[PDB]
Amino acid sequence: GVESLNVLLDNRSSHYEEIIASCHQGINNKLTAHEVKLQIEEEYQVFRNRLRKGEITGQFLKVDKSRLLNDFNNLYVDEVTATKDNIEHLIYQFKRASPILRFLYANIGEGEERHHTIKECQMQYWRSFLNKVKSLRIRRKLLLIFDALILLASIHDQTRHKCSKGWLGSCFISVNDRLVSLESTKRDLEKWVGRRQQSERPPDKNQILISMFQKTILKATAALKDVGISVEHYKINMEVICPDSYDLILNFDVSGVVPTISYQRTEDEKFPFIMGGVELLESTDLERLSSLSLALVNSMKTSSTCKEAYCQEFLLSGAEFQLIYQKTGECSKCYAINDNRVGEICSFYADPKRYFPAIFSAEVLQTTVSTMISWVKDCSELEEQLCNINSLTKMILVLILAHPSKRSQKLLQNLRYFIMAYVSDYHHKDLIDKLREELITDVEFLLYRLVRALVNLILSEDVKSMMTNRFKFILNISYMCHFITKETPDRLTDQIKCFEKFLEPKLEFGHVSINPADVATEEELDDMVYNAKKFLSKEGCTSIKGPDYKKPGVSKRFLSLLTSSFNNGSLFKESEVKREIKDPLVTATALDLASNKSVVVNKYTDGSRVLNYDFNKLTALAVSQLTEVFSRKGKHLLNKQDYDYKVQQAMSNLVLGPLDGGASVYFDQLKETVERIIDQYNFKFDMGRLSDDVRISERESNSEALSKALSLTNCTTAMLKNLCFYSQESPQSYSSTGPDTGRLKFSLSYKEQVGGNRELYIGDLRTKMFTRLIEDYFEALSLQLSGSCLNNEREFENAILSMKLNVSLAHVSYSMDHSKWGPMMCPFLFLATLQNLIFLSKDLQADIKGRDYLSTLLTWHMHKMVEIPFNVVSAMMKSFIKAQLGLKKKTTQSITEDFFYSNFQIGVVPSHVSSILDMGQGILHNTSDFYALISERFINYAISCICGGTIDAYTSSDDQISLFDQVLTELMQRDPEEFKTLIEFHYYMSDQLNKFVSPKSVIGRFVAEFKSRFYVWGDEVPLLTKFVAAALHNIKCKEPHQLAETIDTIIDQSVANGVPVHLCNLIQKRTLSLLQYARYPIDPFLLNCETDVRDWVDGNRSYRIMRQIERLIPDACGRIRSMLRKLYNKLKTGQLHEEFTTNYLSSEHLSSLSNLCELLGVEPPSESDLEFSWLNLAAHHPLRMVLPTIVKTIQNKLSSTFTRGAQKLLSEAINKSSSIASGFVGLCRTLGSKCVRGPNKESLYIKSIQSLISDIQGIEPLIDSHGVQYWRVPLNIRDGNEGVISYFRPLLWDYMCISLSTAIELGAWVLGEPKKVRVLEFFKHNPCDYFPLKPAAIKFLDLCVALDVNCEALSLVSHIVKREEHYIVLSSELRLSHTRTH
Ligand SMILES: [Mg+2]
Ligand SMILES: [Zn+2]
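Residues numbered from 1 in each chain as written, not as in the entry; some residues may be left out. Chains lettered and ligands numbered in written order. Heavy atoms only, no water.

By the method listed in its record, cryo-EM, this PDB entry was determined to a resolution of 3.73 Å.

Right under this line is the structure:
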């Protein structure tokens, strides 16, 4: 599917050949393998001679540790002036930085009063009951009758044991976590009952209240009994309605501290309690932080619904505090902390999200800090000052967790580059200027001081004993950056930076074409030709001035040298000379485009498509938005006599209509546009219509776009060609710019990355099909050769082996990195390189045809159009319109803003941007990889033919590791002035080919780093912090059986790198505790929290559940565990194979199990062993997460090769249907609403099933220590009551079938005997030692296929369609493991 372009009518008259002539004029790609050496030698000679005198700059220095340390110490001396800070002062001032940090260390607490808090009175029960009633459907009447009952309950329960919990001053929380007063409600009730009494005018003032209360109670009970849930299980005392109720309310008195939140800075400088009394050694502050973070996260449940107040209670070591806020939704707001004994402890302005990683993780952090400290305790010279390290690490962790910012991420992230350059031999001089950020708040400077004090302590100039544990310590500290987030604080603020990045390098080159208009103008062609000519006019090392680094452009001489060298077979190894280069022209599916991405749809008002924005509508929208944002803010904080208010009021009086020494002309001419707009169509028109009209290219999802495109064809195959060249809407002829359907179009977006933010170009569908052809072509042609690791898997292992071998012999390594790889490449370079290669085959015609098709495709991509986001245009228009008659801000005028202004004050406004110096970021990956491979091979060959050494390369897109040989390493130690100039020539000659080296490169003899894989001599570097941070906040709003396997895979992957097993057990326990908060009945299938090391390296997922089940009921699986051995012995040989498949697989379960046990001459299981059962919800239909799967997956994988099957799959995917904390809130809310499917048709609850089980007095629950519920039921109740026993499932049958399947899928050591060995002696061990290990590696196939459908609790075949190769584990964790005989 490469030569299908011959179906269209060619039209390539005049524009096409000029570019070819420009790119093929002076490229002498015919040199031999003997002339290039002369040019290379002469270039080397002239470069060295010019460098010796000093007309060229080096950009490479020799490492000196003292200067590096001093420069790091003196890195921020403009606001933080100091020389050395004492640890005691840092500790003293750390506990008093911010209210959040001051609250976690105060001396708070109270005896028996805190013991009463372990009890719940008759006040919260009524609150929960009324919340449940209000959840269903049954207006001030309801609120009054609902918040009076809880008041009555509190009054009743305040005269029995003298306790008042759930109060604040004179306020009480009633229904929606609200805060309501006392007197106002009393008088409202009095007036409402007075109106009732007036309407009734024998009845008394105490009878109407009880009558209405009982009228509501019966309706509530009927409503709860209608669905199927009981009412008497809530434990509510109905006697709270006293006979004398009306007079009870009106004679109540109470006294307390009146609460009030603050909004300024000077109101939080008064602290009631002691400012600090907690030591860092214990884990007291972590529990408080966890509770506060949970309270903050829970603050998003509130719906829309004096004025308002919302509250959330939380306990702390007996005490009870309340977090109060005054605005709903999910965004930045004001929070205050209150108590009932004092008032307004503190107040802050935190954000509800970005607070997930600390919810129930209070012992994982302590353990990881302990295991990080345990890495350096064996240093003789670092014995005295050991507690300071622990304290500093604790402060760093607590500070990063308590104040999640974005500029604190870039500070801990850059320490890795410094520590990599510390143990190296050479480094770029522009390295210090790269480790510098812009800090604003007073907290980040404290973090910088803390990390500086820690680095100056760990890396002093008098300790050289280990020199390996400190490296791991610093590198793992630098990886705490992953603990915060990967989201973005704002949206508009981070959308202008991307546009400025996109437009910055394209303006200096002086080539910015704004509006192509889809019919190219003569000036556009002339400018494109001139820029193409200019792009190939780079000179260097042979001129009057010399080279000019860091500029876009390519030299003709080096391009000719590269092409000639490639065409002579001089860049090939000894294995490629045994064959001939193949052309993939003659040697795919379209459903791939249905992936989980986005797409853009066009819009036509006529035969043509709109491409330009309107001017008057944009002005009207800008004025409307300014008035909208003004109406509230400028009405309060603007002086009436001020000019700004006087002019903004006039501006507001232009659209709504409910001293001019400034811009009189502008204000006089702006009236007409608004008047015409309002005449042409509480505003005076429709905002929605205007917003829809101004938008030109709305977005749309991916699946339905493909479905609607496919639903108008007549081909019975799902191929790429059938959707593009054959349709009712297909191009007829194609021209120089593009097909008659129009030129290509893209749109801009940003990714979500830790640190910076990458670009993203998202195109339409036609471009999506067009790109894949070139993508696949270049991918195959690069796969022909060896050297690329972008998609390969084995060469990555080969590179790892090479790195290990190089490090083992102390050879020199070079870790590289290229900058601006995306926004400064060009498709013209690819076209010019393609037009000079010789894919030698004995067929000229096919080569010419393929080259022509590739050339025209590259030309099509050369004339692409790029869209400008709507929000950026709106913001720029607001800035222009406001700062033309007003004087509001006018602070900074960036060079990227005058570009909008100059075009604004000419008439039409910018719509698109087109140019030549931009390559699609993440679009043409394979072409760039292939070019990089060729260029690196040529550079290595040149360096080889200059000096007497050889160099390797493992380039992958933009990354590189280079491994020098022995000769270069020996040369580096005896002639530094030669090695340095060789490096200089390498840098210059790499720059000459449009490849720029970043200042973060390393030339080291101690560590190698390729794709974030550090290697040293002997030891290994486990990124424990990265894995822990990734595993912490990695849950979504899925069904609770997919999260278990999602976390299990992550833990299995992380175990194989060096993480101990106790951390994994704690993480799994935290996950189970998080699930328990949602009140989900745990089954013995989710997770196992007692795994040893053999359960991760030898056993698979199915073995851990087997081990967990083997512990719940012992002495009952032993009988089965020998019948299974006999069955395996008689089945592997081929004895029976008949009745087990049909007479024992599809029948009654218990009877068949007993018969199977009896048949093999083995004692049948005891009668009191089949009584064990477990509850399995959704045993009939799957749960409703939104408000046989094996055969269906096989169908979706095979029948989707045609049109109808693919369409059905797309329809089902469409009919399937923000944050991480929002996902948790959604999971908590959804799991508990209905989440139940009935037998025939209905929706039920979870509480109803529990009530039904509690009703029958024959079922007994059993709980494990961590908590896994499993039931015991008698055989006599096996049937007769089938209403609820349907959901239960037996235990021994599933255990047997899963054990048999696991024995089939692995060896036979599983059915041995578990004899946990622990009689081994003791040893003072070291936490730094590792041992590589390997895994434990027809009728059986269809046997497993048939067995898969019966025991439907897991999906074993799902895990098949990766498998880890080697496992690296400690030595002390490898001994104490279970052992089993064959
Ligand atoms: Mg790298
Ligand atoms: Zn009480």
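### Overview of the overall build of the protein chain
The helix and strand tally for the protein chain stands at 52 helices and 25 strands. Relative to the globule expectation of 34 Å for 1382 residues, the C-alpha radius of gyration of the protein chain, 37 Å, shows essentially globular dimensions. Considering only C-alpha atoms, the protein chain reaches an extent of 115 × 105 × 80 Å along its principal axes. Accessible surface computed for the protein chain: about 73600 Å², of which carbon and sulfur atoms make up 52%. (Helix = DSSP H or I, 4+ residues; strand = E, 2+ residues; numbered from the N terminus. Rg over C-alpha atoms; globule rule 2.2 N^0.38 Å. Areas by Shrake-Rupley, 256 points an atom, 1.4 Å probe, with all protein chains shown as cover.)

### Looking at the state of the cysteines
Think of a disulfide as a covalent bridge from one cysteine sulfur atom to another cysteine sulfur atom. The full count for this structure, using the stated rule, is one disulfide. Between the sulfur atoms of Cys 1297 and its disulfide partner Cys 1351 the distance amounts to 2.0 Å. Taking the sign of the S-S torsion, -130° for the link of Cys 1297 and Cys 1351, the bridge is left-handed. Here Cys 1297 matches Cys 1351 in class, with each residue buried. Its sulfur unpaired, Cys 1344 is 12 Å from the next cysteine sulfur, which belongs to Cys 1297. (Disulfide = S-S within 2.5 Å. Buried < 20%, exposed > 50% of the residue type's maximum accessible area, 1.4 Å probe, protein only.)

### Some words on the domain arrangement of the protein chain
Domain annotation for the protein chain reports domain 1 (1–56 + 487–613 + 696–868 + 911–992), domain 2 (113–249) and domain 3 (614–695 + 869–910). Each of domain 1 and domain 2 was reduced to a C-alpha centroid, and the two centroids are 73 Å apart. (Domains from an automatic or database assignment.)

### Here we look at the side chain of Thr 1203
Mapped onto the secondary structure, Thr 1203 falls in helix α46 (residues 1203–1214). We classify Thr 1203 as buried; its relative accessible area is 12%. In this view, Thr 1203 contacts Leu 710, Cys 715, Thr 716 and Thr 717; residues no more than four positions away in its chain are not counted. (Contact = heavy atoms within 4.5 Å.)

### Some thoughts on the sheet that holds strand β6 (residues 346–348)
Strand order in the open sheet made by the four strands is β3-β4-β5-β6, with antiparallel pairing throughout. In the strand order of this sheet, the two ends are held by β3 (310–316) and β6, each with one partner. In this sheet, adjacent strand axes meet at a mean angle of 20° when their direction is disregarded. Across seven bridges, the pairing between β3 and strand β4 (residues 319–325) is antiparallel. Bridging from a neighbouring strand, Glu 313 pairs with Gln 322 of β4. (Pairing = 2+ DSSP bridges. Axes fitted to C-alpha atoms, helices over the stretch in contact; angles between N-to-C directions.)

### Quick notes on unusual backbone geometry
Leaving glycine out, the prevailing phi sign among residues is negative, and the prevailing peptide bond configuration is trans. Positive phi values are uncommon outside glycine, yet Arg 1079 reaches one of about 60°. Of note in this structure, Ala 1178 is not a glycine but carries a positive phi near 55°. By the element assignment, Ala 1178 lies in the loop between β20 (1172–1175) and α45 (1189–1198).

### Regarding a positive patch on the surface
Where like charges cluster on the molecular surface, the positive patch consists of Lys 486, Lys 751, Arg 758, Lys 1036 and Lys 1038. Topologically, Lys 751 is positioned in the loop between β11 (745–750) and β12 (759–763). In this structure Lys 751 comes out as partly exposed when scored by relative accessible area, which is 37%. (Patch = residues over 30% accessible without salt bridge, like charges linked within 9 Å, V, L, I, M, F, W, Y side chains within 5 Å. Salt bridge = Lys/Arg side-chain N within 4 Å of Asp/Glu carboxyl O. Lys, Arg positive; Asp, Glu negative; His and termini not counted. Charge placed at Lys NZ, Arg CZ, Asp CG, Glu CD.)

### So, a nonpolar patch on the surface
Taken together, the side chains of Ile 1338, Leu 1341 and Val 1345 define a hydrophobic patch exposed on the protein surface, amounting to about 360 Å² of accessible area. Structurally, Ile 1338 is set in the loop between β24 (1330–1333) and α50 (1339–1350).

### A short note on the side chain of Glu 1110
Structurally, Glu 1110 can be placed in helix α42 (residues 1101–1112). Filtering out sequence-adjacent residues up to four positions away, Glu 1110 remains in contact with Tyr 1295 and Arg 1380.

### So, helix α10 (residues 207–227)
Between its terminal C-alpha atoms α10 stretches 31 Å, which fits the 30 Å expected from 21 residues at 1.5 Å a residue. All of the buried residues in α10 are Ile 208, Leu 209, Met 212, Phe 213, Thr 216, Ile 217, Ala 220 and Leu 224. Projection of α10 onto a plane perpendicular to its axis shows the buried side chains occupying an angular sector of 165°, all on one side. Facing away from the buried side of α10, by more than 90 degrees, are the exposed residues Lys 215, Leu 218, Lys 225 and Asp 226. Tucked into the core, α10 has its buried residues touching α7 (124–135), α8 (140–157), α9 (183–200) and α11 (246–249). Following α10 by one or two positions, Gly 228 adopts a phi angle in the positive range, close to 135°. (Expected span 1.5 Å × (residues − 1). Arc of directions from axis to C-beta.)

### Digging into the sheet that holds β20
Read across the open sheet, the four strands follow the order β21-β22-β20-β23; overall the sheet is antiparallel. Every interior strand has two partners, whereas the edge strands, β21 (1260–1262) and β23 (1288–1290), have only one. Neighbouring strand axes in the sheet, compared pairwise and without regard to direction, differ in orientation by 40° on average.

### Observations regarding the packing of aromatic side chains
Going through the model one piece at a time under the given rule, you end up with 42 aromatic pairs. With a centroid separation of 5.6 Å and an interplanar angle of 85°, the aromatic rings of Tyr 734 and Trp 860 are classed as edge-to-face. Linking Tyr 734 in strand β10 (residues 733–734) with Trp 860 in helix α32 (residues 844–862), this pair joins segments that are 126 residues apart in sequence. The pair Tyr 734 / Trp 860 is uniform in exposure class, with both members buried. Between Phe 985 and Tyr 988 the ring centres are 5.9 Å apart and the planes differ by 40°, which places this aromatic pair in the tilted class. Of this pair, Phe 985 and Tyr 988 both sit in helix α37 (residues 976–991), three residues apart, roughly one helical turn. Given a relative accessible area of 0%, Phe 985 falls into the buried group. (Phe/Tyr/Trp six-rings, centres within 6.5 Å; stacked < 30°, edge-to-face > 60°.)

### Focus on the pattern of salt bridges
For the coordinates displayed, the defined rule picks out 31 salt bridges. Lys 394 is the salt-bridge partner of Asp 285, the closest N and O atoms lying 3.6 Å from each other. Here the two residues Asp 285 and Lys 394 agree in accessibility, since each one is buried. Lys 995 is paired through a salt bridge with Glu 936; the nearest N and O atoms lie 3.0 Å apart. Separated by 59 residues along the polypeptide, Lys 995 in the loop between α37 and β17 (1002–1004) and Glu 936 in helix α35 (residues 925–946) bring together distant segments of the chain. Like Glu 936, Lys 995 is buried.

### Regarding α8
The terminal C-alpha atoms of α8 lie 26 Å apart, and with 18 residues this matches the ideal 26 Å at 1.5 Å per residue to within 8%. Of all 18 residues that make up α8, 13 are buried, and the element is covered over most of its length.

### Let's talk about the pairing of β3
Counting buried positions along β3 yields five of seven residues, so the element is predominantly enclosed. Between the end of β3 and the start of β4, which pair antiparallel, lie two residues, with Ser 317 showing a positive phi angle near 50°.

### Section: the environment of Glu 729
In this structure, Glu 729 sits in the loop between α28 (721–724) and β10. The class for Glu 729 is exposed, based on a relative accessible area of 64%. Sequence separation between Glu 729 and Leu 1127 is 398 residues, and the spatial gap between their C-alpha atoms is 64 Å.

### Observations regarding the environment of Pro 352
Looking at the secondary structure, you find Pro 352 in the loop between β6 and α13 (364–373). On the basis of relative accessibility, which here comes to 0%, the residue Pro 352 falls in the buried class. Separated by 23 residues in sequence, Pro 352 and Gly 329 place their C-alpha atoms 9.7 Å apart. Every residue in contact with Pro 352, bar those within four places of it in the chain, is listed here: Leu 296, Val 297, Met 300, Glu 330, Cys 331, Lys 333 and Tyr 335.

### Details of the packing of α13 against helix α40 (residues 1061–1077)
For the pair α13 and α40, interaxial distance at closest approach is 10 Å and the crossing angle is 165°. Between α13 and α40, the interaxial angle falls into the category roughly antiparallel. In the packing of α13 onto α40, the handedness of the crossing is left-handed. When α13 is examined against α40, the residues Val 364, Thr 367 and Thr 368 are found in contact with a partner set consisting of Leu 1063, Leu 1066 and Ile 1067. Partitioned by chemical class, the residues of the contact of α13 with α40 number four nonpolar, two polar and no charged. (Parallel < 35°, antiparallel > 145°, perpendicular 65-115°, else oblique. Left-handed = near helix turned anticlockwise from the far one by under 90°. Nonpolar A, V, L, I, M, F, W, Y, C, P; charged D, E, K, R; others polar.)

### Some points on the packing of α13 against helix α14 (residues 387–402)
Across the interface, α13 lies against α14 with an axial gap of 11 Å and an inter-helix angle of 140°. In this view, α13 runs oblique relative to α14, as classed from their interaxial angle. You can see that α13 and α14 cross each other, and the crossing is right-handed. Residue-level inspection shows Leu 365, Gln 366, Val 369 and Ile 373 of α13 in contact with α14, the latter providing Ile 389, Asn 390, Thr 393, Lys 394, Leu 397 and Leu 401. Residues belonging to the contact of α13 with α14 are distributed by class as follows: six nonpolar, three polar and one charged.

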